[PDB]
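This report refers to the structure that appears directly beneath it.
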Amino acid sequence: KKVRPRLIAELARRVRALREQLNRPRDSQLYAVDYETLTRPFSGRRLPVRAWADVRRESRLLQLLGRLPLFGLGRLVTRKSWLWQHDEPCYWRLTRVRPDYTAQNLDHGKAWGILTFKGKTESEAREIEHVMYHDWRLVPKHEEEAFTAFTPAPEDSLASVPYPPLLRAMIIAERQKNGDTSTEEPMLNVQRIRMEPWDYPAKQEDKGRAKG
Amino acid sequence: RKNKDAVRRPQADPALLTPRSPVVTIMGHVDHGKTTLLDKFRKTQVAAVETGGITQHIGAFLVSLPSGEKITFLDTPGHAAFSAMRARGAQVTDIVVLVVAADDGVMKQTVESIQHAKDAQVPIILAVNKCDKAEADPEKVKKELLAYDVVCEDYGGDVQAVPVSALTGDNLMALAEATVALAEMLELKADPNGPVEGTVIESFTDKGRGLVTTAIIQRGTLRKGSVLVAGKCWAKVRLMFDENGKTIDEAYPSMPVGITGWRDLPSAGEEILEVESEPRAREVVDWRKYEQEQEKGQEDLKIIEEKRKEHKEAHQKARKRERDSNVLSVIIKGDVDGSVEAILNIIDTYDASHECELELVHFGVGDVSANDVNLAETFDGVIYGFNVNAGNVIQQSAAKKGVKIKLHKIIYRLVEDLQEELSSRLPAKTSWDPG
Amino acid sequence: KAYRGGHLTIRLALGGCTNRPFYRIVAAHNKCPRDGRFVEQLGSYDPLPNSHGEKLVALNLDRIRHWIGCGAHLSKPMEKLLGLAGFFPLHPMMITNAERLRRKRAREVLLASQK
Amino acid sequence: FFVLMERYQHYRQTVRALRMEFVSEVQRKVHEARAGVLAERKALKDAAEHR
RNA sequence: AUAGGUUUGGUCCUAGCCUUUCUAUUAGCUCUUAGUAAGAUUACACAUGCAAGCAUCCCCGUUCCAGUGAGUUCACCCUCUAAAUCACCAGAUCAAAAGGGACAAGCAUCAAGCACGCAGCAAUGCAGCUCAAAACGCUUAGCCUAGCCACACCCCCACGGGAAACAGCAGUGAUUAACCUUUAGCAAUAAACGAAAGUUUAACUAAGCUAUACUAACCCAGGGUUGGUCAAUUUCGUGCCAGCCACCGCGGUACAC
Ligand SMILES: Nc1nc2c(ncn2[C@@H]2O[C@H](COP(=O)(O)OP(=O)(O)OP(=O)(O)O)[C@@H](O)[C@H]2O)c(=O)[nH]1
Ligand SMILES: [Mg+2]
Ligand SMILES: [Mg+2]
Ligand SMILES: [Mg+2]
Ligand SMILES: [Mg+2]
Ligand SMILES: [Mg+2]
Ligand SMILES: [Mg+2]
Ligand SMILES: [Mg+2]
Ligand SMILES: [Mg+2]
Ligand SMILES: [Mg+2]
Ligand SMILES: [Mg+2]
């Protein structure tokens with residue numbers, strides 16, 4: 001049991017961590033793209049077929065904000081995918097930008113803003129996910145009020161739904177065994193389970209980063 | 001024991017018969033341009049890329065003529081040693097192109113090739129090469145061949161003589177035309193269906209592909225999965241490949257194909273026959289091995305009866321050793337069974353037994369192995385490798401164990417080394433000669 | 001084995017012999033082999049009909065509930081089995097496969113009639 | 001595709017409700033076995049008998 | 001063990017060896033069929049093909065599965081508490097690192113190890129700690145099998161170097177007494193990914209080869225033995241020769257060759 005140090009292992013771990021940190025790839029390198037092969041040159045990996053037209057047609061968030069004073073801070077930005085998916089207005093209210101100066105045209109980086117989805121805002125500003133994606137569009141200063149015009153529909157959300165047949169039978173039998181005389185139908189509550197569409201932006205702050 | 005052997009199918013019916021490409025074997029004397037002629041026809045230059053500029057392997061190539069026809073050229077070694085290879089080529093050939101150097105005329109190996117052509121009963125086309133150089137006398141060549149019965153057309157002889165110059169590639173078009181004409185006259189045909197029949201042209205062990213045999217199909221088509229039996233060995237065809245190594249789906253008659261998947265390495269020239277399945281193939285192989293064992297047992301019974309009669313005569317009347325210095329023990333390792341057999345024939349020609357014995361401890365095909373080194377150590381022998389490799393580990397082990405591994409790439413260089421060793425063992429220069 | 005990451009999953013480990021599939025419902029760490037270690041066995045499933053034309057399924061419902069509460073995921077076949085048992089709603093793919101089968105049957109019925 | 005998407009949405013909502021019910025049941029069972037009248041009474045009874 | 005044969009001129013006792021039983025590998029001779037299970041001798045070297053993608057780009061995965069047994073008391077319990085799942089949370093589940101305890105065989109002709117302890121905040125002080133109840137050391141071995149531990153070409157490690165890696169599937173050279181297909185499919189289960197239809201998977205499923213084994217069958221049966229232990233030999237040939245034997249033994253004109 002008398003141990004024998006793994007000194008080289010620990011040293012190599014430390015050195016690899018240092019090398020990764022000091023050679024950390026730039027965002028402009030990671031999220032670069034070739035518009036002929038539709039492959040990111042940094043990794044050489046091809047983009048999905050369903051993203052080809054968007055990559056060839058629409059533009060990136062920072063690629064747009066590069067043409068706005070203070071990077072359009074305070075403007076409203078919307079995504080082509082959102083425009084095609086939801087009739088209700090959806091957008092980010094830009095609040096901060098950290099561009100990738102190493103980029104030739106400052107067409108990459110990070111952004112923070114306040115999300116409005118389906119006409120519902122978000123209480124606090126957070127990071128923008130999918131910034132590098134090629135489906136971003138800018139909301140002109142004019143038409144902003146008309147575009148963001150929206151009134152909520154009646155809050156359609158069922159309180160409860162029937163239990164699955166066997167579960168309902170089991171609950172009823174348990175009640176009868178306990179002696180409860182209640183004939184009330186057992187209904188599974190669904191209010192607390194607030195469904196949120198799959199395209200709802202995710203917590204970018206917890207999202208990982210590429211490596212090389 | 002019932003006879004479960006697999007026997008070549010009886011001659012196919014004329015209805016089954018079908019046109020097949022011809023097999024032409026280029027035979028001649030040393031450095032008379034056989035491989036150069038073959039290079040010209042193939043449009044590829046290999047004569048320059050050779051060890052000693054000598055053809056030491058009976059190689060098959062499926063050349064396509066400009067007219068679109070296909071011919072299987074077997075380029076055979078021209079040296080005196082490879083008599084077995086030349087004979088096997090003559091056996092498998094449909095036509096024999098005898099290349100004779102106009103400068104040097106007929107030679108011993110040229111006469112040997114003519115004799116093999118007669119034995120195989122194959123039409124002979126004379127290619128008088130080196131015609132460009134002075135003293136080139138095709139008329140003299142024909143006149144001398146008259147002695148060996150190769151009569152040219154000019155002298156009312158069926159054999160067609162063609163003056164060519166493989167170096168300058170002149171008249172080769174007419175040579176190919178004559179080859180096509182002779183093939184047409186022979187009217188070669190064979191069944192392209194049913195169990196396959198072929199002949200092994202070469203065998204070897206490849207470190208990546210296993211036991212690989214270069215064969216020529218004679219009847220029926222070969223495909224992946226066919227079960228082949230040849231001699232005492234059998235295979236389930238795993239990979240068919242060409243001279244270039246490109247996998248080929250099918251092997252039609254008169255095509256040279258390298259076959260992988262032999263459970264054991266067959267001997268050169270043996271017949272390959274297709275059988276129904278693996279159990280049937282193993283049955284055939286067991287029967288053949290049993291027949292060979294019975295023959296050997298009869299011979300051994302003769303010898304043992306001699307010994308036992310001697311001992312009985314001795315008895316009824318009454319009612320390790322250190323090896324001598326003059327005994328060279330040799331291991332032989334070859335790249336192919338053909339080379340191994342050639343070296344073994346050279347050894348068997350030995351006749352200087354009195355002055356120094358030449359014991360053949362073991363022979364095989366493949367790189368010098370640890371077992372070869374162990375045999376050499378056990379018998380204080382010498383390993384001779386013909387175009388095989390001696391890895392670094394094997395070299396270290398041989399150095400430790402006192403064995404001598406001598407790799408070689410030319411048959412006559414190896415033979416010179418062998419005679420050198422025999423002379424060294426002698427108490428002077430050896431009296432045995434290879435030829 | 002110190003498994004980096006992973007989570008529990010209620011899945012069908014396959015046993016039986018060749019041509020005789022049989023399943024043990026196992027609450028097993030997802031990364032562990034299909035037939036390897038498992039935290040707990042929660043029942044069984046015989047896919048081949050018995051003499052009575054039944055596909056016996058045993059579900060340790062109490063333990064299945066316990067493991068769902070503890071956070072075990074559910075493999076798609078197990079979700080379908082529970083849906084059939086009525087412990088869960090019918091799987092959307094169960095419903096959609098039924099609809100696809102109905103449409104294919106209607107097409108084949110039309111083809112047969114047009115004869 | 002649309003019918004399937006709606007089916008998945010409803011199915012996952014109901015499944016998550018069921019999962020929450022089971023999680024609550026597990027929490028209740030563990031808290032029960034830990035500090036419920038039965039367990040606490042048994043512990044105090046054991047202590048009294050020991051004394 | 002329900003025991004049996006064998007020491008001697010003979011008996012008793014002690015004792016070793018061997019026989020009878022059951023497996024597995026190899027070999028010899030022999031072999032018809034169907035279902036199923038299992039399958040390089042080797043941590044030696046490898047041609048070839050394939051084995052990791054998914055997806056509206058980011059992420060996630062390729063750390064899994066599968067493989068081998070070279071190494072080897074990192075495997076089990078308790079404490080503590082990382083990572084991961086429970087849509088965010090909750091403590092719950094799972095389980096690293098760390099601490100405590102337990103944990104293979106042989107050799108003592110391996111008997112001493114040589115700092116292997118403690119106190120103090122530190123300074124520094126004490127001179128101690130393990131060990132014939134086996135320390136220290138050498139050799140051997142994967143284990144305690146719903147599976148677990150270790151390794152991943154070698155230098156324990158892997159920054160670096162040696163060098164160019166099948167111990168993934170199929171396959172091959174070498175080596176050994178030891179030797180399966182360079183099959184098909186994602187139809188099922190599992191995994192990865194996706195919101196999802198779905199896509200990928202040499203995992204796996206279904207097939208291929210093999211009397212290695214079990215089950216079932218055929219109106220086409222061999223192998224071994226025949227002095228005693230031990231079931232069962234007629235006549236010849238040989239004549240202490242040829243030869244046979246698990247042990248006792250046979251053969252100098254034979255139920256033992
Ligand atoms: N003078 C002359 N030399 C030629 C001609 N064709 C070939 N050669 C040369 O003759 C020599 C022998 O040719 P090879 O093909 O190597 O000899 P071979 O006859 O096949 O002999 P093996 O080595 O036994 O196969 C080489 O140097 C050739 O280049 C020709 O037409 N004239
Ligand atoms: Mg030549
Ligand atoms: Mg056997
Ligand atoms: Mg070991
Ligand atoms: Mg000693
Ligand atoms: Mg290592
Ligand atoms: Mg290796
Ligand atoms: Mg393999
Ligand atoms: Mg092999
Ligand atoms: Mg075996
Ligand atoms: Mg007698």
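Scheme for the structure tokens: letters A, B, ... for chains in order shown; per-chain residue numbers from 1; ligand numbers from 1 in order shown.
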Please give me, as a list in words, the residues lying within 12 Å of ligand 4 when counting only C-alpha atoms (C1' of nucleotides) and all ligand atoms.
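Protein and nucleic-acid residues within 12 Å of ligand 4: residues 43, 68, 69, 70, 71, 72, 140, 141, 142, 150 and 151 of chain E.
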Can you list, as a PyMOL selection string, every residue of segment 33-203 of chain A that DSSP puts in strand (DSSP E or B)?
chain A and resi 39+46+59+76-79+91-99+109-117+120-121+126-127+136-138+160-162+187-189
Any residue with an atom at most 12 Å from ligand 5 counts, using only C-alpha atoms (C1' of nucleotides) and all ligand atoms. Which are they? Put them as a VMD selection string.
chain E and resid 107 to 110
The selected residues should be written to file as a PDB file, in the first residue's frame (atoms: C-alpha atoms (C1' of nucleotides)).
ATOM      1  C1'   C E 107       9.611 -18.819   1.218  1.00  0.00           C
ATOM      2  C1'   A E 108      12.161 -17.096   8.001  1.00  0.00           C
ATOM      3  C1'   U E 109      18.098 -20.474   3.978  1.00  0.00           C
ATOM      4  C1'   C E 110      14.042 -12.931   3.350  1.00  0.00           C
TER       5        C E 110
END
Select the residues contacting ligand 8 at a distance of at most 8 Å, based on only C-alpha atoms (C1' of nucleotides) and all ligand atoms, then format the selection as an MDAnalysis selection string.
chainID E and resid 166 168:171
Taking only C-alpha atoms into account and nothing else, which residues of chain C lie no more than 6 Å away from chain A? Please answer as a count of residues only.
4
Taking only C-alpha atoms (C1' of nucleotides) and all ligand atoms into account, list the residues no farther than 10 Å from ligand 11, as a PyMOL selection string.
chain E and resi 235-239+253-254
Would you save the residues of that selection, restricted to N, CA and C atoms (P, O5', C5', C4', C3', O3' and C1' of nucleotides), as a PDB file, in the first residue's frame?
ATOM      1  P     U E 235      -6.948 -72.006 -28.310  1.00  0.00           P
ATOM      2  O5'   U E 235      -6.572 -71.699 -29.826  1.00  0.00           O
ATOM      3  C5'   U E 235      -7.134 -72.453 -30.890  1.00  0.00           C
ATOM      4  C4'   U E 235      -6.537 -72.054 -32.214  1.00  0.00           C
ATOM      5  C3'   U E 235      -5.023 -71.927 -32.232  1.00  0.00           C
ATOM      6  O3'   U E 235      -4.370 -73.172 -32.401  1.00  0.00           O
ATOM      7  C1'   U E 235      -5.976 -70.005 -33.215  1.00  0.00           C
ATOM      8  P     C E 236      -2.770 -73.234 -32.511  1.00  0.00           P
ATOM      9  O5'   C E 236      -2.463 -72.588 -33.934  1.00  0.00           O
ATOM     10  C5'   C E 236      -1.150 -72.178 -34.279  1.00  0.00           C
ATOM     11  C4'   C E 236      -1.163 -70.996 -35.215  1.00  0.00           C
ATOM     12  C3'   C E 236       0.137 -70.212 -35.294  1.00  0.00           C
ATOM     13  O3'   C E 236       1.074 -70.810 -36.170  1.00  0.00           O
ATOM     14  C1'   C E 236      -1.676 -68.713 -35.032  1.00  0.00           C
ATOM     15  P     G E 237       2.545 -71.184 -35.651  1.00  0.00           P
ATOM     16  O5'   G E 237       3.380 -69.847 -35.879  1.00  0.00           O
ATOM     17  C5'   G E 237       3.259 -69.107 -37.085  1.00  0.00           C
ATOM     18  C4'   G E 237       3.884 -67.741 -36.958  1.00  0.00           C
ATOM     19  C3'   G E 237       5.078 -67.647 -36.021  1.00  0.00           C
ATOM     20  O3'   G E 237       6.283 -68.049 -36.641  1.00  0.00           O
ATOM     21  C1'   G E 237       3.569 -65.879 -35.567  1.00  0.00           C
ATOM     22  P     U E 238       7.490 -68.630 -35.761  1.00  0.00           P
ATOM     23  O5'   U E 238       7.895 -67.411 -34.820  1.00  0.00           O
ATOM     24  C5'   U E 238       8.462 -66.227 -35.364  1.00  0.00           C
ATOM     25  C4'   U E 238       8.750 -65.216 -34.287  1.00  0.00           C
ATOM     26  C3'   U E 238       9.590 -65.724 -33.131  1.00  0.00           C
ATOM     27  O3'   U E 238      10.975 -65.660 -33.423  1.00  0.00           O
ATOM     28  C1'   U E 238       7.707 -64.540 -32.301  1.00  0.00           C
ATOM     29  P     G E 239      11.942 -66.892 -33.089  1.00  0.00           P
ATOM     30  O5'   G E 239      12.304 -66.678 -31.556  1.00  0.00           O
ATOM     31  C5'   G E 239      12.511 -65.370 -31.034  1.00  0.00           C
ATOM     32  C4'   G E 239      12.318 -65.339 -29.541  1.00  0.00           C
ATOM     33  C3'   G E 239      13.106 -66.396 -28.781  1.00  0.00           C
ATOM     34  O3'   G E 239      13.550 -65.878 -27.530  1.00  0.00           O
ATOM     35  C1'   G E 239      10.784 -66.715 -28.413  1.00  0.00           C
ATOM     36  P     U E 253      11.883 -71.365 -23.745  1.00  0.00           P
ATOM     37  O5'   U E 253      10.744 -72.089 -24.591  1.00  0.00           O
ATOM     38  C5'   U E 253       9.376 -71.755 -24.401  1.00  0.00           C
ATOM     39  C4'   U E 253       8.506 -72.303 -25.504  1.00  0.00           C
ATOM     40  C3'   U E 253       8.666 -73.796 -25.781  1.00  0.00           C
ATOM     41  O3'   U E 253       7.413 -74.355 -26.171  1.00  0.00           O
ATOM     42  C1'   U E 253       9.190 -72.576 -27.730  1.00  0.00           C
ATOM     43  P     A E 254       3.626 -70.637 -26.075  1.00  0.00           P
ATOM     44  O5'   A E 254       2.864 -69.574 -25.169  1.00  0.00           O
ATOM     45  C5'   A E 254       3.060 -69.540 -23.759  1.00  0.00           C
ATOM     46  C4'   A E 254       2.419 -68.322 -23.140  1.00  0.00           C
ATOM     47  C3'   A E 254       1.017 -68.002 -23.647  1.00  0.00           C
ATOM     48  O3'   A E 254       0.232 -67.449 -22.592  1.00  0.00           O
ATOM     49  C1'   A E 254       2.455 -66.187 -24.114  1.00  0.00           C
TER      50        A E 254
END
Please identify every polymer residue within 10 Å of ligand 3, using only C-alpha atoms (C1' of nucleotides) and all ligand atoms, and present the set as a PDB file with N, CA and C atoms (P, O5', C5', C4', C3', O3' and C1' of nucleotides), in the first residue's frame.
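Generated output (part_39.pdb):
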ATOM      1  P     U E  26      -8.577 -27.940 -27.443  1.00  0.00           P
ATOM      2  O5'   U E  26      -7.228 -28.756 -27.657  1.00  0.00           O
ATOM      3  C5'   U E  26      -5.976 -28.089 -27.676  1.00  0.00           C
ATOM      4  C4'   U E  26      -4.823 -29.059 -27.686  1.00  0.00           C
ATOM      5  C3'   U E  26      -4.938 -30.216 -28.661  1.00  0.00           C
ATOM      6  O3'   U E  26      -4.623 -29.863 -29.993  1.00  0.00           O
ATOM      7  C1'   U E  26      -4.280 -31.044 -26.564  1.00  0.00           C
ATOM      8  P     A E  27      -5.315 -30.646 -31.210  1.00  0.00           P
ATOM      9  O5'   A E  27      -4.594 -32.063 -31.193  1.00  0.00           O
ATOM     10  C5'   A E  27      -3.179 -32.146 -31.258  1.00  0.00           C
ATOM     11  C4'   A E  27      -2.690 -33.553 -31.028  1.00  0.00           C
ATOM     12  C3'   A E  27      -3.379 -34.637 -31.835  1.00  0.00           C
ATOM     13  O3'   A E  27      -2.913 -34.720 -33.169  1.00  0.00           O
ATOM     14  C1'   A E  27      -3.198 -35.331 -29.591  1.00  0.00           C
ATOM     15  P     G E  28      -3.875 -35.281 -34.320  1.00  0.00           P
ATOM     16  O5'   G E  28      -3.942 -36.845 -34.029  1.00  0.00           O
ATOM     17  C5'   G E  28      -2.760 -37.630 -34.021  1.00  0.00           C
ATOM     18  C4'   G E  28      -3.047 -39.067 -33.666  1.00  0.00           C
ATOM     19  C3'   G E  28      -4.199 -39.717 -34.410  1.00  0.00           C
ATOM     20  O3'   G E  28      -3.839 -40.151 -35.709  1.00  0.00           O
ATOM     21  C1'   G E  28      -4.383 -40.199 -32.111  1.00  0.00           C
ATOM     22  P     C E  29      -4.810 -39.873 -36.954  1.00  0.00           P
ATOM     23  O5'   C E  29      -5.960 -40.959 -36.787  1.00  0.00           O
ATOM     24  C5'   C E  29      -5.672 -42.340 -36.931  1.00  0.00           C
ATOM     25  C4'   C E  29      -6.791 -43.197 -36.401  1.00  0.00           C
ATOM     26  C3'   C E  29      -8.164 -42.931 -36.990  1.00  0.00           C
ATOM     27  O3'   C E  29      -8.363 -43.521 -38.261  1.00  0.00           O
ATOM     28  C1'   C E  29      -8.342 -43.020 -34.653  1.00  0.00           C
ATOM     29  P     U E  30      -9.179 -42.722 -39.390  1.00  0.00           P
ATOM     30  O5'   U E  30     -10.664 -42.673 -38.822  1.00  0.00           O
ATOM     31  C5'   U E  30     -11.373 -43.875 -38.576  1.00  0.00           C
ATOM     32  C4'   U E  30     -12.636 -43.637 -37.789  1.00  0.00           C
ATOM     33  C3'   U E  30     -13.621 -42.639 -38.368  1.00  0.00           C
ATOM     34  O3'   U E  30     -14.392 -43.141 -39.443  1.00  0.00           O
ATOM     35  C1'   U E  30     -13.359 -42.213 -36.076  1.00  0.00           C
ATOM     36  P     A E 211     -16.433 -30.483 -36.475  1.00  0.00           P
ATOM     37  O5'   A E 211     -16.986 -30.894 -35.043  1.00  0.00           O
ATOM     38  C5'   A E 211     -16.100 -31.036 -33.946  1.00  0.00           C
ATOM     39  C4'   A E 211     -16.848 -31.359 -32.683  1.00  0.00           C
ATOM     40  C3'   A E 211     -16.027 -31.978 -31.564  1.00  0.00           C
ATOM     41  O3'   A E 211     -15.355 -30.998 -30.790  1.00  0.00           O
ATOM     42  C1'   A E 211     -18.065 -33.173 -31.848  1.00  0.00           C
ATOM     43  P     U E 212     -13.753 -30.911 -30.777  1.00  0.00           P
ATOM     44  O5'   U E 212     -13.429 -30.254 -29.365  1.00  0.00           O
ATOM     45  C5'   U E 212     -13.494 -31.031 -28.181  1.00  0.00           C
ATOM     46  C4'   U E 212     -14.176 -30.292 -27.056  1.00  0.00           C
ATOM     47  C3'   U E 212     -15.586 -30.747 -26.717  1.00  0.00           C
ATOM     48  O3'   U E 212     -15.617 -31.910 -25.911  1.00  0.00           O
ATOM     49  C1'   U E 212     -15.525 -28.388 -26.835  1.00  0.00           C
TER      50        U E 212
END
For ligand 6, list the contacting residues at 10 Å or closer, counting only C-alpha atoms (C1' of nucleotides) and all ligand atoms, as a list in words.
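Final answer, ordered by chain and number: residues 151, 152, 153, 154, 155, 156, 157 and 158 of chain E.
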Coordinates-based distance that separates atom CA of residue 193 of chain B from atom CA of residue 14 of chain B (Å, one decimal)
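A separation of 13.1 Å between them.
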What do you get as a list in words if you pick all residues at most 10 Å from ligand 9, counting only C-alpha atoms (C1' of nucleotides) and all ligand atoms?
residues 207, 210, 211 and 263 of chain B; 40, 171, 172, 173, 174, 175 and 179 of chain E
Selection above as a file: C-alpha atoms (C1' of nucleotides), as a PDB file, in the first residue's frame:
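The resulting file, selection33.pdb, is shown below:
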ATOM      1  CA  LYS B 207       2.319 -10.661 -43.239  1.00  0.00           C
ATOM      2  CA  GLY B 210      -1.893 -14.758 -44.925  1.00  0.00           C
ATOM      3  CA  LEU B 211      -1.156 -17.604 -47.320  1.00  0.00           C
ATOM      4  CA  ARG B 263      -5.492 -22.755 -44.564  1.00  0.00           C
TER       5      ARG B 263
ATOM      6  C1'   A E  40      -6.125 -17.385 -30.521  1.00  0.00           C
ATOM      7  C1'   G E 171      -8.429 -11.035 -40.415  1.00  0.00           C
ATOM      8  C1'   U E 172      -2.949 -12.017 -40.649  1.00  0.00           C
ATOM      9  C1'   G E 173       2.717 -13.055 -39.679  1.00  0.00           C
ATOM     10  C1'   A E 174       5.425 -15.060 -35.561  1.00  0.00           C
ATOM     11  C1'   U E 175       4.818 -18.434 -31.388  1.00  0.00           C
ATOM     12  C1'   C E 179      -5.404 -21.593 -34.588  1.00  0.00           C
TER      13        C E 179
END
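Taking atom CA of residue 143 of chain B and atom CA of residue 159 of chain B as the two end points, the separation is 12.8 Å.
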Exercise answer, 10 Å around ligand 2 with only C-alpha atoms (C1' of nucleotides) and all ligand atoms, as an NGL selection string
:B and (28-38 or 46-48 or 50 or 52-56 or 75-79)
Contacts of segment 125-127 of chain B within 9 Å, only C-alpha atoms (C1' of nucleotides), excl. fewer than 6 positions in-chain, as a PyMOL selection string:
chain B and resi 95-101+142+150+152+159-164+175+178-179+182
At most 9 Å to chain D: residues in chain A, only C-alpha atoms, as a VMD selection string:
chain A and resid 161 163 188 to 195 197
Using N, CA and C atoms, can you write the selected residues to a file as a short mmCIF file (atom, residue, chain, number, x, y, z; two decimals), in the first residue's frame?
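Full text of result15.cif as output:
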data_model
loop_
_atom_site.label_atom_id
_atom_site.label_comp_id
_atom_site.auth_asym_id
_atom_site.auth_seq_id
_atom_site.Cartn_x
_atom_site.Cartn_y
_atom_site.Cartn_z
N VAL A 161 -55.46 17.37 -15.14
CA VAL A 161 -55.81 16.43 -16.21
C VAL A 161 -56.03 15.06 -15.59
N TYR A 163 -55.61 11.29 -14.46
CA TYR A 163 -54.48 10.41 -14.24
C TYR A 163 -54.47 9.31 -15.30
N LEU A 188 -54.55 15.03 -11.79
CA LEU A 188 -53.15 15.39 -11.67
C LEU A 188 -52.98 16.86 -12.04
N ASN A 189 -52.44 17.65 -11.12
CA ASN A 189 -52.25 19.07 -11.36
C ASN A 189 -51.18 19.30 -12.42
N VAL A 190 -51.38 20.32 -13.25
CA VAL A 190 -50.42 20.69 -14.28
C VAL A 190 -50.10 22.17 -14.29
N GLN A 191 -50.67 22.96 -13.38
CA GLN A 191 -50.36 24.38 -13.33
C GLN A 191 -48.87 24.60 -13.08
N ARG A 192 -48.33 23.94 -12.06
CA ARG A 192 -46.93 24.14 -11.71
C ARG A 192 -46.00 23.76 -12.86
N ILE A 193 -46.43 22.83 -13.71
CA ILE A 193 -45.61 22.39 -14.84
C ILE A 193 -45.83 23.36 -15.99
N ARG A 194 -45.05 24.44 -16.01
CA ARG A 194 -45.20 25.48 -17.03
C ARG A 194 -44.42 25.04 -18.27
N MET A 195 -45.14 24.56 -19.28
CA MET A 195 -44.50 24.19 -20.53
C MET A 195 -43.87 25.42 -21.18
N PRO A 197 -41.75 26.39 -24.86
CA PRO A 197 -41.35 25.83 -26.16
C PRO A 197 -39.87 25.46 -26.24
#
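Near chain C, the residues of chain D that fall inside 7 Å (using only C-alpha atoms) are residues 4, 7, 8, 11, 19, 22, 23 and 26 of chain D.
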Restricting the output to C-alpha atoms, write the selected residues as a PDB file, in the first residue's frame.
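The file below, result_17.pdb, is the result:
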ATOM      1  CA  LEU D   4     -46.956  14.816 -33.153  1.00  0.00           C
ATOM      2  CA  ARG D   7     -48.812  15.174 -28.603  1.00  0.00           C
ATOM      3  CA  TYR D   8     -45.247  15.384 -27.298  1.00  0.00           C
ATOM      4  CA  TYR D  11     -47.355  13.964 -22.980  1.00  0.00           C
ATOM      5  CA  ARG D  19     -42.707  12.792 -11.862  1.00  0.00           C
ATOM      6  CA  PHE D  22     -43.478  10.779  -7.288  1.00  0.00           C
ATOM      7  CA  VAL D  23     -40.670  13.094  -6.146  1.00  0.00           C
ATOM      8  CA  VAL D  26     -40.262  10.020  -2.068  1.00  0.00           C
TER       9      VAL D  26
END
Ranking D:27, D:41, D:3, D:34 by minimum distance to chain E and counting only C-alpha atoms (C1' of nucleotides), which one comes first?
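Nearest candidate to chain E out of D:27, D:41, D:3, D:34: D:27.
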Within 12 Å of residue 283 of chain B, counting only C-alpha atoms (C1' of nucleotides), which residues qualify if same-chain residues fewer than 2 places away don't, as a PDB file with C-alpha atoms (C1' of nucleotides), in the first residue's frame?
ATOM      1  CA  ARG B   1     -11.496 -46.067 -46.599  1.00  0.00           C
ATOM      2  CA  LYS B   2     -13.787 -44.838 -49.356  1.00  0.00           C
ATOM      3  CA  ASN B   3     -12.254 -42.571 -51.998  1.00  0.00           C
ATOM      4  CA  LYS B   4     -13.580 -39.091 -51.181  1.00  0.00           C
ATOM      5  CA  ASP B   5     -11.070 -37.194 -53.332  1.00  0.00           C
ATOM      6  CA  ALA B   6     -11.994 -34.289 -55.599  1.00  0.00           C
ATOM      7  CA  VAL B 229      -8.714 -27.460 -52.625  1.00  0.00           C
ATOM      8  CA  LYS B 232      -3.069 -31.097 -49.401  1.00  0.00           C
ATOM      9  CA  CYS B 233      -4.295 -27.530 -48.778  1.00  0.00           C
ATOM     10  CA  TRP B 234      -7.660 -25.798 -48.969  1.00  0.00           C
ATOM     11  CA  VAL B 275     -15.681 -28.136 -53.944  1.00  0.00           C
ATOM     12  CA  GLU B 276     -19.118 -27.818 -52.396  1.00  0.00           C
ATOM     13  CA  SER B 277     -18.344 -26.660 -48.857  1.00  0.00           C
ATOM     14  CA  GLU B 278     -15.786 -26.491 -46.065  1.00  0.00           C
ATOM     15  CA  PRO B 279     -16.570 -29.946 -44.583  1.00  0.00           C
ATOM     16  CA  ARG B 280     -16.295 -31.528 -48.033  1.00  0.00           C
ATOM     17  CA  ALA B 281     -13.020 -29.686 -48.653  1.00  0.00           C
ATOM     18  CA  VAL B 285      -7.720 -32.786 -47.824  1.00  0.00           C
ATOM     19  CA  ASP B 286      -7.773 -35.533 -45.200  1.00  0.00           C
ATOM     20  CA  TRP B 287      -8.127 -38.195 -47.890  1.00  0.00           C
ATOM     21  CA  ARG B 288      -5.190 -36.782 -49.859  1.00  0.00           C
ATOM     22  CA  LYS B 289      -2.999 -36.557 -46.756  1.00  0.00           C
ATOM     23  CA  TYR B 290      -3.970 -40.140 -45.924  1.00  0.00           C
TER      24      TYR B 290
ATOM     25  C1'   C E  31     -18.206 -38.892 -37.326  1.00  0.00           C
TER      26        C E  31
END
